[PDB]
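Asker: here is my input; please provide its structure:
(chains A and B, ligands or ions: 1)
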Amino acid sequence: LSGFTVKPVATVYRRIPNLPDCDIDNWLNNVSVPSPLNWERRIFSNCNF
Amino acid sequence: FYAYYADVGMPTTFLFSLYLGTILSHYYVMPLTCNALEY
Ligand SMILES: *[C@@H]1O[C@H](CO)[C@@H](O[C@@H]2O[C@H](CO)[C@@H](O)[C@H](O)[C@H]2NC(C)=O)[C@H](O)[C@H]1NC(C)=O
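Answerer: Residues are numbered from 1 along each chain as shown, chains lettered A, B, ... in the order given. There you are, the coordinates:
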């Protein structure tokens, strides 16, 4: 007959607590608007969003 | 711009990264003035 798999009985979830936010909304909503000729790049890492 | 480094041993390890948005063209090793070296 066909096969079978052992059904899980729990769930493991691990994350890094007390981590600051990425505050991406403040970067997009800025008064200084760039130009397509001199566009910049900002890297978001080690934060929550 | 990626850059690896090693202090002990031949294999290297990641050190840092940097974004510039431009293409690097040339490089040069300046001489050392001393009285008392290979690269
Ligand atoms: C909008 O962009 C400007 C850049 O033009 C940001 O101003 C910089 O703010 C940081 C602090 O977060 C300073 O270290 C820089 O010196 C500032 N650059 C300047 C004054 O040219 C600004 O923070 C951004 N956000 C807002 C809400 O204006």
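
Asker: for the residue lying closest to residue A:46 once chain neighbours are set aside, give me its contacts.
Answerer: Ranked by Cβ to Cβ, 6 or more residues apart in numbering or on different chains and with sequence neighbours excluded, the top spatial neighbour of residue A:46 is residue A:19, at 7.0 Å. Quick note: C-beta positions are derived from backbone N, CA and C, even for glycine. Applying Cβ atoms under 8 Å, 6 or more residues apart in numbering or on different chains, we find residue A:19 in contact with A:46, A:47, A:48.

Asker: how close does the first one sit to residue A:22?
Answerer: From residue A:46 across to residue A:22, the span is 9 Å (Cβ to Cβ, to the nearest Å).

Asker: ditto for the last one
Answerer: Distance of residue A:48 to residue A:22, computed by Cβ to Cβ: 6 Å.

Asker: what about the two, which has more around it?
Answerer: residue A:22 (15 against 10; other Cβ atoms under 10 Å in any protein chain shown).

Asker: what separation do you get for that one and residue A:29?
Answerer: Residue A:22 is 14 Å from residue A:29, by Cβ to Cβ.

Asker: now residue B:39
Answerer: Separation of residue B:39 from residue A:29 (Cβ to Cβ): 49 Å.

Asker: go on, residue B:38?
Answerer: Applying Cβ to Cβ to residue B:38 and residue A:29 gives a distance of 54 Å.

Asker: looking at the two, which one has more neighbours?
Answerer: residue A:29 (7 against 2).

Asker: which bits of chain A sit near the ligand?
Answerer: A:26, A:30, A:31, A:32 (Cβ under 6 Å from any ligand atom).

Asker: element containing the first one, please.
Answerer: Under the assignment given by DSSP states H and E, the secondary-structure element containing residue A:26 is helix A:24-28.

Asker: what does that helix contact?
Answerer: Contacts of helix A:24-28 (Cβ under 8 Å, 6+ apart): A:42, A:44, A:49.
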